[PDB]
Amino acid sequence: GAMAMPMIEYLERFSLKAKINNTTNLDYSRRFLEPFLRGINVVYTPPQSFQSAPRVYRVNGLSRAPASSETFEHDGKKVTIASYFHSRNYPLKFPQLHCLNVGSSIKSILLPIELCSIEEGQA
Numbered sequence: 106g107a108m109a110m111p112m113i114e115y116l117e118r119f120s121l122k123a124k125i126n127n128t129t130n131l132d133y134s135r136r137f138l139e140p141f142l143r144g145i146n147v148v149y150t151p152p153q154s155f156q157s158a159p160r161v162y163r164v165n166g167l168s169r170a171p172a173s174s175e176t177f178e179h180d181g182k183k184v185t186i187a188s189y190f191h192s193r194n195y196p197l198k199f200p201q202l203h204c205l206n207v208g209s210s211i212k213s214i215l216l217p218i219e220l221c222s223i224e225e226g227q228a
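Using the numbering used here, the first residue of the sequence shown is number 106, and each one after it goes up by one.
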């Protein structure tokens, strides 16, 4: 039994003391959660479309803009973080989520907090 808590479930219990919903703007907590997210370890569960398995990442913090509000350009075509996952046949339940700023100085990547299992001991 791994001590891996779903990061949304984590915020429900500890952060908002209420259950995350469509109408809840994560920003109103997530923006202040930076000092906590800055230096955590998440077991990220990648969509099977990527053919990857759960992997722990040291989260450096959080993006100032949610998944749908962040845009990257693949070969001239501009798509949002959410659009990319949607392209993987994975329409984000909450595109208004502030993804994890993980990776490294070079790899500035944003990981959807919904698909993250935070191990309470690793964090």
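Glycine is no exception: its CB is placed at the ideal position from the N, C-alpha and C atoms.
message = Nearest by alpha-carbon distance to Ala-228: which of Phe-119, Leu-197, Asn-146, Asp-132 is it?
response = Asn-146
request  = Would you tell me roughly how many angstroms separate the C-alpha atoms of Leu-167 and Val-161, rounded to the nearest one?
outcome  = In this structure, the CA atom of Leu-167 is about 16 Å from the CA atom of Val-161.
task = Would you kindly work out how many angstroms separate the C-alpha atoms of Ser-173 and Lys-122, rounded to a whole number?
result = When rounded, the distance between both Cα atoms is 25 Å.
ask   = Excluding sequence positions up to five away, which residues of its chain have a Cβ less than 7 Å from the Cβ of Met-110?
value = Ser-222, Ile-223, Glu-225
inquiry  = For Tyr-149, count the other beta carbons within 10 Å of its own beta carbon; 16 or more makes it buried, fewer makes it exposed. Which is it?
reply    = buried
inquiry  = According to DSSP, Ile-145 sits in a beta bridge with which residue or residues?
reply    = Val-164
task = Answer with buried or exposed for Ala-158, where buried requires no fewer than 16 other C-beta atoms within 10 angstroms of its C-beta.
result = exposed
key: Reduced DSSP secondary structure (H/G/I, E/B, other) of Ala-172   = Three-state result, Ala-172: helix.
query = Any idea if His-203 is buried or exposed, counting beta-carbon neighbours within 10 angstroms, 16 or more meaning buried?
reply = So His-203 counts as buried.
request  = Label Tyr-115 either buried or exposed according to how many other C-beta atoms from any shown protein chain fall within 10 Å of its C-beta, with 16 as the threshold for buried.
outcome  = buried
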